[PDB]
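The file entry_11.pdb comes next; it holds PDB, C-alpha atoms (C1' of nucleotides) and all ligand atoms.
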```pdb
ATOM      1  CA  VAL A   1      54.114  11.062 -16.124
ATOM      2  CA  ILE A   2      54.172  13.412 -13.138
ATOM      3  CA  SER A   3      57.591  15.017 -12.762
ATOM      4  CA  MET A   4      59.405  14.700  -9.449
ATOM      5  CA  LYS A   5      59.417  18.459  -8.833
ATOM      6  CA  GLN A   6      55.612  18.532  -9.001
ATOM      7  CA  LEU A   7      55.453  15.943  -6.216
ATOM      8  CA  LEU A   8      58.119  17.777  -4.214
ATOM      9  CA  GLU A   9      56.114  21.004  -4.432
ATOM     10  CA  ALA A  10      53.073  18.949  -3.420
ATOM     11  CA  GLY A  11      54.918  17.742  -0.307
ATOM     12  CA  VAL A  12      54.339  14.083  -1.113
ATOM     13  CA  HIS A  13      57.538  12.709   0.458
ATOM     14  CA  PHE A  14      56.262  13.260   4.014
ATOM     15  CA  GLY A  15      55.757  10.127   6.083
ATOM     16  CA  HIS A  16      54.109   9.374   9.398
ATOM     17  CA  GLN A  17      55.780   9.202  12.800
ATOM     18  CA  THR A  18      58.833   6.947  12.985
ATOM     19  CA  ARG A  19      57.347   5.166  16.011
ATOM     20  CA  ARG A  20      54.368   3.985  13.931
ATOM     21  CA  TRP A  21      55.657   2.623  10.619
ATOM     22  CA  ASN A  22      55.010  -0.707   8.911
ATOM     23  CA  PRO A  23      58.326  -2.510   8.276
ATOM     24  CA  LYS A  24      57.243  -3.858   4.880
ATOM     25  CA  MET A  25      57.598  -0.278   3.589
ATOM     26  CA  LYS A  26      61.374  -0.363   4.132
ATOM     27  CA  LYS A  27      61.812  -0.799   0.374
ATOM     28  CA  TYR A  28      60.209   2.636  -0.144
ATOM     29  CA  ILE A  29      62.061   4.609   2.553
ATOM     30  CA  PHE A  30      64.743   7.214   1.805
ATOM     31  CA  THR A  31      66.978   8.740   4.487
ATOM     32  CA  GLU A  32      64.656   9.152   7.473
ATOM     33  CA  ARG A  33      64.203  12.850   8.288
ATOM     34  CA  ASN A  34      63.750  14.375  11.744
ATOM     35  CA  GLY A  35      60.884  12.386  13.249
ATOM     36  CA  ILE A  36      59.637  11.822   9.700
ATOM     37  CA  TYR A  37      60.216   9.149   7.068
ATOM     38  CA  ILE A  38      60.885  10.358   3.520
ATOM     39  CA  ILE A  39      60.041   8.113   0.583
ATOM     40  CA  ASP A  40      61.685   7.549  -2.800
ATOM     41  CA  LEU A  41      60.115   9.968  -5.254
ATOM     42  CA  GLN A  42      61.665   7.967  -8.099
ATOM     43  CA  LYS A  43      59.752   4.877  -6.983
ATOM     44  CA  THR A  44      56.679   7.110  -6.754
ATOM     45  CA  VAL A  45      56.969   8.290 -10.355
ATOM     46  CA  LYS A  46      57.624   4.696 -11.415
ATOM     47  CA  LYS A  47      54.390   3.589  -9.728
ATOM     48  CA  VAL A  48      52.256   6.470 -11.036
ATOM     49  CA  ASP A  49      52.938   5.367 -14.613
ATOM     50  CA  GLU A  50      52.006   1.763 -13.802
ATOM     51  CA  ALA A  51      48.732   2.716 -12.110
ATOM     52  CA  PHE A  52      47.925   5.066 -15.002
ATOM     53  CA  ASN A  53      48.586   2.275 -17.499
ATOM     54  CA  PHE A  54      46.485  -0.270 -15.604
ATOM     55  CA  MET A  55      43.455   1.955 -15.039
ATOM     56  CA  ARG A  56      43.049   2.446 -18.804
ATOM     57  CA  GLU A  57      41.988  -1.046 -19.871
ATOM     58  CA  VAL A  58      39.489  -1.481 -17.026
ATOM     59  CA  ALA A  59      37.432   1.401 -18.461
ATOM     60  CA  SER A  60      38.430   0.946 -22.114
ATOM     61  CA  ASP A  61      35.255  -1.147 -22.466
ATOM     62  CA  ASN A  62      33.135   1.682 -20.995
ATOM     63  CA  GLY A  63      33.333  -0.023 -17.616
ATOM     64  CA  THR A  64      32.765   1.248 -14.095
ATOM     65  CA  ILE A  65      35.112   2.772 -11.517
ATOM     66  CA  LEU A  66      34.422   3.317  -7.810
ATOM     67  CA  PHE A  67      36.395   5.796  -5.702
ATOM     68  CA  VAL A  68      36.449   5.854  -1.895
ATOM     69  CA  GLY A  69      36.933   9.054   0.087
ATOM     70  CA  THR A  70      36.239   8.142   3.709
ATOM     71  CA  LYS A  71      39.160  10.279   4.891
ATOM     72  CA  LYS A  72      38.239  13.841   5.830
ATOM     73  CA  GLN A  73      41.028  15.413   3.762
ATOM     74  CA  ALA A  74      39.832  13.607   0.607
ATOM     75  CA  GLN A  75      36.037  13.873   0.915
ATOM     76  CA  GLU A  76      35.362  16.747  -1.485
ATOM     77  CA  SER A  77      38.620  16.028  -3.336
ATOM     78  CA  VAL A  78      37.030  12.871  -4.753
ATOM     79  CA  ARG A  79      33.545  14.255  -5.442
ATOM     80  CA  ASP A  80      35.167  16.984  -7.536
ATOM     81  CA  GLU A  81      37.059  14.335  -9.538
ATOM     82  CA  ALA A  82      34.486  11.562 -10.006
ATOM     83  CA  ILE A  83      32.009  13.867 -11.771
ATOM     84  CA  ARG A  84      34.437  14.718 -14.584
ATOM     85  CA  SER A  85      34.904  10.958 -15.057
ATOM     86  CA  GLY A  86      31.207  10.055 -14.870
ATOM     87  CA  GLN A  87      32.033   7.346 -12.335
ATOM     88  CA  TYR A  88      30.943   6.305  -8.852
ATOM     89  CA  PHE A  89      32.331   7.452  -5.516
ATOM     90  CA  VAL A  90      31.788   7.015  -1.779
ATOM     91  CA  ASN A  91      32.053   9.755   0.857
ATOM     92  CA  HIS A  92      31.056  10.156   4.505
ATOM     93  CA  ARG A  93      30.455   6.558   5.620
ATOM     94  CA  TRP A  94      31.097   3.226   3.903
ATOM     95  CA  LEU A  95      28.044   1.037   4.469
ATOM     96  CA  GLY A  96      28.982  -2.375   5.822
ATOM     97  CA  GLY A  97      28.728  -4.952   3.069
ATOM     98  CA  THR A  98      28.207  -2.456   0.252
ATOM     99  CA  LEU A  99      29.743  -4.889  -2.260
ATOM    100  CA  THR A 100      29.152  -8.299  -0.648
ATOM    101  CA  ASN A 101      25.490  -7.518   0.105
ATOM    102  CA  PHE A 102      24.708  -5.605  -3.086
ATOM    103  CA  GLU A 103      21.105  -6.878  -3.259
ATOM    104  CA  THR A 104      19.797  -5.119  -0.143
ATOM    105  CA  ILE A 105      21.729  -1.943  -0.967
ATOM    106  CA  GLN A 106      20.243  -2.070  -4.469
ATOM    107  CA  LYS A 107      16.762  -2.347  -2.955
ATOM    108  CA  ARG A 108      17.540   0.709  -0.821
ATOM    109  CA  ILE A 109      18.631   2.487  -4.009
ATOM    110  CA  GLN A 110      15.254   1.604  -5.532
ATOM    111  CA  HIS A 111      13.564   3.036  -2.435
ATOM    112  CA  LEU A 112      15.538   6.260  -2.877
ATOM    113  CA  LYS A 113      14.555   6.437  -6.551
ATOM    114  CA  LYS A 114      10.900   6.011  -5.578
ATOM    115  CA  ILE A 115      11.228   8.804  -3.008
ATOM    116  CA  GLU A 116      12.825  11.025  -5.660
ATOM    117  CA  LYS A 117       9.926  10.307  -8.025
ATOM    118  CA  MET A 118       7.373  10.864  -5.237
ATOM    119  CA  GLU A 119       7.327  14.673  -5.462
ATOM    120  CA  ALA A 120       8.306  15.272  -9.103
ATOM    121  CA  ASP A 121       4.829  14.644 -10.532
ATOM    122  CA  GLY A 122       2.513  13.293  -7.838
ATOM    123  CA  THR A 123       1.121  15.084  -4.807
ATOM    124  CA  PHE A 124       2.368  14.962  -1.216
ATOM    125  CA  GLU A 125       0.207  17.695   0.352
ATOM    126  CA  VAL A 126      -2.545  15.072   0.603
ATOM    127  CA  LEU A 127      -0.344  13.201   3.078
ATOM    128  CA  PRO A 128      -0.436  14.566   6.648
ATOM    129  CA  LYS A 129       2.263  16.794   8.083
ATOM    130  CA  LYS A 130       4.010  14.033  10.041
ATOM    131  CA  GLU A 131       4.217  11.832   6.943
ATOM    132  CA  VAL A 132       5.796  14.484   4.724
ATOM    133  CA  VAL A 133       8.271  15.681   7.356
ATOM    134  CA  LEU A 134       9.339  12.107   8.147
ATOM    135  CA  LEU A 135       9.750  11.302   4.447
ATOM    136  CA  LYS A 136      11.832  14.449   3.932
ATOM    137  CA  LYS A 137      14.119  13.564   6.841
ATOM    138  CA  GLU A 138      14.343   9.988   5.547
ATOM    139  CA  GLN A 139      15.269  11.098   2.028
ATOM    140  CA  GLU A 140      18.024  13.374   3.314
ATOM    141  CA  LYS A 141      19.221  10.487   5.494
ATOM    142  CA  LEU A 142      19.656   8.022   2.631
ATOM    143  CA  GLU A 143      20.814  10.708   0.205
ATOM    144  CA  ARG A 144      23.813  11.657   2.341
ATOM    145  CA  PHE A 145      24.713   7.983   2.814
ATOM    146  CA  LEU A 146      24.260   6.562  -0.685
ATOM    147  CA  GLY A 147      24.731   9.600  -2.924
ATOM    148  CA  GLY A 148      26.836   8.576  -5.882
ATOM    149  CA  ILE A 149      26.481   4.902  -6.935
ATOM    150  CA  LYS A 150      22.811   5.856  -7.175
ATOM    151  CA  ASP A 151      22.773   4.940 -10.879
ATOM    152  CA  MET A 152      25.422   2.232 -10.423
ATOM    153  CA  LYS A 153      24.373  -0.765 -12.540
ATOM    154  CA  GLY A 154      26.402  -3.828 -11.604
ATOM    155  CA  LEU A 155      29.558  -4.663  -9.693
ATOM    156  CA  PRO A 156      32.675  -2.560 -10.359
ATOM    157  CA  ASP A 157      35.854  -3.594 -12.126
ATOM    158  CA  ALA A 158      38.368  -1.608 -10.036
ATOM    159  CA  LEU A 159      38.561   0.453  -6.854
ATOM    160  CA  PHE A 160      40.353   3.601  -5.731
ATOM    161  CA  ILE A 161      40.972   4.361  -2.050
ATOM    162  CA  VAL A 162      43.062   6.879  -0.123
ATOM    163  CA  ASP A 163      43.860   5.332   3.280
ATOM    164  CA  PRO A 164      43.949   1.507   3.231
ATOM    165  CA  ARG A 165      44.295   1.772   7.011
ATOM    166  CA  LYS A 166      40.962   3.613   7.343
ATOM    167  CA  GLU A 167      38.779   1.550   4.982
ATOM    168  CA  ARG A 168      39.887  -1.900   6.133
ATOM    169  CA  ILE A 169      36.280  -2.921   5.416
ATOM    170  CA  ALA A 170      36.567  -1.855   1.770
ATOM    171  CA  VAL A 171      39.775  -3.765   1.022
ATOM    172  CA  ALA A 172      38.635  -6.731   3.118
ATOM    173  CA  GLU A 173      35.440  -7.144   1.104
ATOM    174  CA  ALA A 174      37.084  -6.258  -2.220
ATOM    175  CA  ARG A 175      39.722  -8.973  -1.840
ATOM    176  CA  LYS A 176      36.858 -11.433  -1.283
ATOM    177  CA  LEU A 177      35.076 -10.603  -4.563
ATOM    178  CA  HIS A 178      38.350 -10.697  -6.563
ATOM    179  CA  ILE A 179      38.391  -7.170  -7.979
ATOM    180  CA  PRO A 180      41.680  -5.223  -8.002
ATOM    181  CA  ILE A 181      42.396  -2.185  -5.839
ATOM    182  CA  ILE A 182      44.635   0.798  -6.603
ATOM    183  CA  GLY A 183      45.297   3.316  -3.860
ATOM    184  CA  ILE A 184      47.875   5.487  -2.164
ATOM    185  CA  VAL A 185      49.512   4.296   1.046
ATOM    186  CA  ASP A 186      51.452   5.998   3.817
ATOM    187  CA  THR A 187      54.563   4.670   5.567
ATOM    188  CA  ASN A 188      52.361   2.519   7.814
ATOM    189  CA  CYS A 189      49.898   0.719   5.512
ATOM    190  CA  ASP A 190      49.959  -2.836   4.128
ATOM    191  CA  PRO A 191      51.632  -3.207   0.704
ATOM    192  CA  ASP A 192      50.798  -6.835  -0.013
ATOM    193  CA  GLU A 193      47.049  -6.255   0.322
ATOM    194  CA  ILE A 194      46.983  -3.655  -2.501
ATOM    195  CA  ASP A 195      47.773  -4.802  -6.040
ATOM    196  CA  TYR A 196      49.068  -1.474  -7.396
ATOM    197  CA  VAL A 197      50.445   0.391  -4.372
ATOM    198  CA  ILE A 198      51.547   4.002  -4.929
ATOM    199  CA  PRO A 199      53.556   5.513  -2.045
ATOM    200  CA  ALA A 200      52.528   9.062  -1.177
ATOM    201  CA  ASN A 201      51.557  11.273   1.729
ATOM    202  CA  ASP A 202      47.829  10.955   2.412
ATOM    203  CA  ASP A 203      47.440  13.746   4.988
ATOM    204  CA  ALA A 204      47.780  16.624   2.494
ATOM    205  CA  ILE A 205      44.990  17.855   0.230
ATOM    206  CA  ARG A 206      47.643  18.826  -2.321
ATOM    207  CA  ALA A 207      49.209  15.359  -2.279
ATOM    208  CA  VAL A 208      45.898  13.601  -2.918
ATOM    209  CA  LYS A 209      44.891  16.177  -5.544
ATOM    210  CA  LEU A 210      48.037  15.793  -7.658
ATOM    211  CA  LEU A 211      47.297  12.049  -7.960
ATOM    212  CA  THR A 212      43.505  12.025  -8.213
ATOM    213  CA  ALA A 213      43.807  14.597 -11.006
ATOM    214  CA  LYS A 214      46.041  12.175 -12.901
ATOM    215  CA  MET A 215      43.497   9.432 -12.263
ATOM    216  CA  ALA A 216      40.627  11.600 -13.514
ATOM    217  CA  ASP A 217      42.207  12.862 -16.739
ATOM    218  CA  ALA A 218      43.489   9.386 -17.647
ATOM    219  CA  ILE A 219      39.928   8.004 -17.857
ATOM    220  CA  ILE A 220      38.237  10.924 -19.651
ATOM    221  CA  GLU A 221      39.770   9.788 -22.950
ATOM    222  CA  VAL A 222      40.027   6.027 -22.387
ATOM    223  CA  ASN A 223      36.301   5.501 -23.003
ATOM    224  CA  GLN A 224      36.595   6.655 -26.628
TER     225      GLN A 224
ATOM    226  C1'   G B   1      -7.019 -32.391  30.449
ATOM    227  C1'   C B   2       0.034 -36.745  30.694
ATOM    228  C1'   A B   3      -3.275 -38.916  23.864
ATOM    229  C1'   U B   4      -6.327 -34.199  21.839
ATOM    230  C1'   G B   5      -9.269 -29.672  19.152
ATOM    231  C1'   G B   6     -11.646 -25.432  21.265
ATOM    232  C1'   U B   7     -11.615 -21.843  25.527
ATOM    233  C1'   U B   8      -9.059 -19.530  29.962
ATOM    234  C1'   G B   9      -5.400 -17.808  34.131
ATOM    235  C1'   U B  10      -0.343 -16.206  35.091
ATOM    236  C1'   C B  11       4.525 -13.681  34.371
ATOM    237  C1'   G B  12       2.228  -8.638  32.372
ATOM    238  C1'   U B  13      -0.023  -3.870  28.966
ATOM    239  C1'   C B  14       6.197  -5.960  31.623
ATOM    240  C1'   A B  15       8.943  -4.246  26.888
ATOM    241  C1'   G B  16      10.729  -7.328  24.728
ATOM    242  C1'   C B  17      10.888 -11.974  20.840
ATOM    243  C1'   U B  18      12.956 -13.148  16.019
ATOM    244  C1'   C B  19      14.118 -13.319  10.700
ATOM    245  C1'   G B  20      16.397 -12.658   5.212
ATOM    246  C1'   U B  21      21.040 -11.210   2.962
ATOM    247  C1'   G B  22      25.940  -9.873   4.596
ATOM    248  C1'   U B  23      30.335 -10.534   7.885
ATOM    249  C1'   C B  24      33.615 -12.850  12.194
ATOM    250  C1'   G B  25      34.746 -18.073  14.566
ATOM    251  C1'   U B  26      37.464 -25.032  13.076
ATOM    252  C1'   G B  27      32.721 -25.426  16.084
ATOM    253  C1'   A B  28      28.333 -24.589  19.408
ATOM    254  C1'   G B  29      27.862 -19.449  18.489
ATOM    255  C1'   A B  30      28.523 -13.686  17.522
ATOM    256  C1'   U B  31      26.840  -8.742  15.235
ATOM    257  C1'   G B  32      22.084  -6.317  13.635
ATOM    258  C1'   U B  33      19.232  -6.125  19.413
ATOM    259  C1'   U B  34      25.800  -3.319  22.025
ATOM    260  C1'   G B  35      27.795   2.548  22.973
ATOM    261  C1'   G B  36      25.448   8.645  24.327
ATOM    262  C1'   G B  37      21.562  11.359  25.692
ATOM    263  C1'   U B  38      16.166  10.702  25.797
ATOM    264  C1'   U B  39      11.342   8.815  27.001
ATOM    265  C1'   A B  40       5.619   5.380  29.774
ATOM    266  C1'   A B  41       8.086   2.108  25.698
ATOM    267  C1'   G B  42      14.718  -1.829  21.126
ATOM    268  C1'   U B  43       9.764   5.162  21.512
ATOM    269  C1'   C B  44      13.782   9.050  18.666
ATOM    270  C1'   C B  45      18.015  10.719  16.829
ATOM    271  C1'   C B  46      23.508  10.187  16.778
ATOM    272  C1'   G B  47      27.643   6.476  16.393
ATOM    273  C1'   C B  48      29.044   1.782  14.442
ATOM    274  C1'   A B  49      30.287  -4.534  10.200
ATOM    275  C1'   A B  50      26.124  -4.040   8.958
ATOM    276  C1'   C B  51      21.541  -3.208   5.538
ATOM    277  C1'   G B  52      16.562  -3.972   6.091
ATOM    278  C1'   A B  53      12.057  -6.595   7.781
ATOM    279  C1'   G B  54       8.265  -9.141  10.990
ATOM    280  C1'   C B  55       5.262  -9.882  15.700
ATOM    281  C1'   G B  56       4.627  -6.372  20.201
ATOM    282  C1'   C B  57       5.059  -0.396  21.960
ATOM    283  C1'   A B  58       2.386   4.098  19.610
ATOM    284  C1'   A B  59      -1.699   5.506  16.285
ATOM    285  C1'   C B  60      -6.971   3.855  13.888
ATOM    286  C1'   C B  61     -12.097   2.232  18.010
ATOM    287  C1'   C B  62     -15.879   3.459  22.553
ATOM    288  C1'   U B  63     -16.917   6.985  26.596
ATOM    289  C1'   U B  64     -16.362  11.938  29.612
ATOM    290  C1'   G B  65     -15.031  17.218  29.549
ATOM    291  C1'   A B  66     -16.124  22.845  25.235
ATOM    292  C1'   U B  67     -18.576  24.337  20.868
ATOM    293  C1'   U B  68     -21.312  25.105  15.100
ATOM    294  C1'   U B  69     -25.517  23.375  11.611
ATOM    295  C1'   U B  70     -29.915  20.905  10.650
ATOM    296  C1'   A B  71     -34.230  18.495  14.244
ATOM    297  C1'   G B  72     -38.159  20.173  17.774
ATOM    298  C1'   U B  73     -41.899  15.111  20.315
ATOM    299  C1'   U B  74     -43.897  12.136  24.336
ATOM    300  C1'   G B  75     -38.530  16.818  25.548
ATOM    301  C1'   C B  76     -37.691  22.392  27.621
ATOM    302  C1'   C B  77     -41.210  27.038  29.367
ATOM    303  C1'   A B  78     -37.656  33.279  28.750
ATOM    304  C1'   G B  79     -41.012  36.417  26.709
ATOM    305  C1'   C B  80     -48.139  35.330  26.403
ATOM    306  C1'   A B  81     -52.982  34.463  29.138
ATOM    307  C1'   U B  82     -55.302  30.182  32.191
TER     308        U B  82
HETATM  309 MG    MG C   1      -2.769 -28.999  30.410
HETATM  310 MG    MG C   2      21.155 -12.096  20.346
HETATM  311 MG    MG C   3       3.925   0.156  27.817
HETATM  312 MG    MG C   4      20.148   1.953  24.345
HETATM  313 MG    MG C   5       9.457  -0.954  16.872
END
```
Write out the structure in this file as structure tokens.
Amino acid sequence: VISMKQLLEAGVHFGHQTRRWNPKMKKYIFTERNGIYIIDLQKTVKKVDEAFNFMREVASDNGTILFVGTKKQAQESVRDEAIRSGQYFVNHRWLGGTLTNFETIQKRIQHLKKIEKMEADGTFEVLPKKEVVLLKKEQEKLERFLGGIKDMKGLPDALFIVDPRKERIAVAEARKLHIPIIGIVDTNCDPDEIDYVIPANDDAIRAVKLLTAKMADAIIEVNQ
RNA sequence: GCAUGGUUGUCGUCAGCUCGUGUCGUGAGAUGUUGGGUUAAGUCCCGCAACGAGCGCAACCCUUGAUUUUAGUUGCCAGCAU
């Protein structure tokens, strides 16, 4: 339900270098600009509605949603939007086999919870200096990595990614577990590997914000 | 002692040897254990399709080098006479 002028002001139509485009995106290309491909904004607004409509019923049952923000330009732009949805998100680094090997990652989550509970009530000054400093460094180490999904209880029902060229691991292991993926793609990504493709520029903070905001405020009410 | 249990030397106190789940390959297999510095050491951190763990490395043990308290005999003799 995002008007075309909003996207145009967001600079969404921009596409990557002409020398480095994926031919399957020819259906989404509009009058190649100087060294730059420009995409159909009408197709974009058509796809935004479809993704909006889909993402409702996966959380209508108070389900779970996992966002992925590996790209630098979308790191904070997804933390700021997952909190208002009460959902799970990944930043920094995507641990190999986060979804296929959920048992070991869950055990690491339990370890992190134990470390969190270590200092709340009990005593650590009894432990020597090396022990407490090593535990502090350890807890920062697996807090930066895991972060959100800390309270994640069970496998997700949908995914959200920014650059399906940069998290090949995420889509590769999400197609194996048969759970759908919605994400924005550039003029060089793979359409057929994403169920609900949405063509947009991924290199602009504004471009990712104007879509992740629509994703966030379309799930705040769906739970009710 | 080429049928064995037990015990021992050697590579060598060299720093390596593997596993569970995950992933790649039709298959034997592969990653983790490779890449950068770093150290006596897969010791440490960073990076990464891997996440962790186990036996070794290191630490816990004995001795030598300084010092406080209690203890003064058969030990010592500064200050006391023989
Ligand atoms: Mg023999
Ligand atoms: Mg090997
Ligand atoms: Mg050694
Ligand atoms: Mg090395
Ligand atoms: Mg070790």
Env. residues ligand MG 3 (chain C) / 8 Å / all atoms listed in the file / as an MDAnalysis selection string: chainID B and resid 13:15 40:41 57
When distances are computed from all atoms listed in the file, which of B:18, B:31, B:26, B:43 shows the smallest separation from chain A? B:31
Write out, as JSON lines, each residue of chain B that has an atom at most 12 Å from ligand MG 1 (chain C), together with the closest pair of atoms and their distance in Å to one decimal, counting only C-alpha atoms (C1' of nucleotides) and all ligand atoms, rows going by chain and rising number.
```
{"residue": "B:1", "atom": "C1'", "partner": "C:MG1", "partner_atom": "MG", "distance": 5.4}
{"residue": "B:2", "atom": "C1'", "partner": "C:MG1", "partner_atom": "MG", "distance": 8.2}
{"residue": "B:3", "atom": "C1'", "partner": "C:MG1", "partner_atom": "MG", "distance": 11.9}
{"residue": "B:4", "atom": "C1'", "partner": "C:MG1", "partner_atom": "MG", "distance": 10.6}
{"residue": "B:8", "atom": "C1'", "partner": "C:MG1", "partner_atom": "MG", "distance": 11.4}
```
Exercise answer, chain B residues close to chain A, 8 Å and only C-alpha atoms (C1' of nucleotides), as a ChimeraX atom specification: /B:21-23,49-52
Can I get the residues close to ligand MG 5 (chain C) as a PyMOL selection string, where close means within 12 Å and we count only C-alpha atoms (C1' of nucleotides) and all ligand atoms? chain B and resi 15-17+33+41-44+53-58
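The space between atom CA of residue A:199 and atom CA of residue A:28 spans 7.5 Å.
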Atom CA of residue A:155 and atom CA of residue A:88 are how many Å apart? 11.1 Å
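If only C-alpha atoms (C1' of nucleotides) and all ligand atoms are the atoms counted, then among B:34, B:6, B:60, B:29 the closest residue to ligand MG 4 (chain C) is B:34.
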Could you tell me which residues the PyMOL selection byres (((chain A and resi 17) around 10) and not hetatm) returns for this structure, as a ChimeraX atom specification? /A:14-16,18-21,34-37,187-188
I'd like the residues picked by the PyMOL selection byres (((chain A and resi 8) around 12) and not hetatm) written out as a PyMOL selection string, using the chain letters and numbers from the file. chain A and resi 2-7+9-14+38-42+44-45+200-201+206-207+210
If the PyMOL selection byres (((chain A and resi 50) around 12) and not hetatm) is run on the structure shown, which residues does it catch, given as a VMD selection string? chain A and resid 1 to 2 43 to 49 51 to 56 182 195 to 198 215
Can you list, as a PyMOL selection string, every protein, DNA or RNA residue that comes within 10 Å of residue A:193 when you count all atoms listed in the file, leaving out same-chain residues fewer than 3 positions away? chain A and resi 164+171-172+175+180-181+189-190+196-197
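Here the question is which of A:27, A:166, A:178, A:130 gets nearest to residue A:69 using only C-alpha atoms, and that residue is A:166.
Atom CA of residue A:216 is positioned 6.0 Å from atom CA of residue A:81.
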Contacts of residue A:135 at 12 Å (only C-alpha atoms (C1' of nucleotides); same-chain gap of 6+ positions) as a PyMOL selection string: chain A and resi 111-112+114-116+118-119+124+127-129+141-143
